[PDB]
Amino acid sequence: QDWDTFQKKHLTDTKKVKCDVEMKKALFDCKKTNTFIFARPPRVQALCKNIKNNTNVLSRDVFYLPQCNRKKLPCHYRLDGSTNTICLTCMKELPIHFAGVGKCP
């Protein structure tokens, strides 16, 4: 919804995210899946430069994507990872939504 919320739930400083610990936070509320992006805010923010408001952008470069997928109720997860391009929704040249992986919707 905003740059601040986007960072909190989609950017990570480590490849080994503690899913069971993170996902229980109110931001995630034990949702089925959440994909993290291993990168600093600057690199991610730059993807939205010169992008029309409320439109998506597909990155040219790849990122490692730590992903938490729920395996057992109510909040138990398995950590999965892969590498791929990311689709972000921009607003005022700032990412506010994680739109897709590999391509845009």
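From 1 onward, residues are counted along the sequence shown.
- Higher mean CA temperature factor between 87-95 and 13-21: 13-21, per the PDB entry.
- In this PDB entry, the Cα temperature factor of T33 sits in the bottom third of its chain's modelled residues, the lowest group.
- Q45 sits in the middle third of its chain by CA B factor, as recorded in the PDB entry.
- Residue-level temperature factors show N53 in the highest third of its chain, judged at the C-alpha atom.
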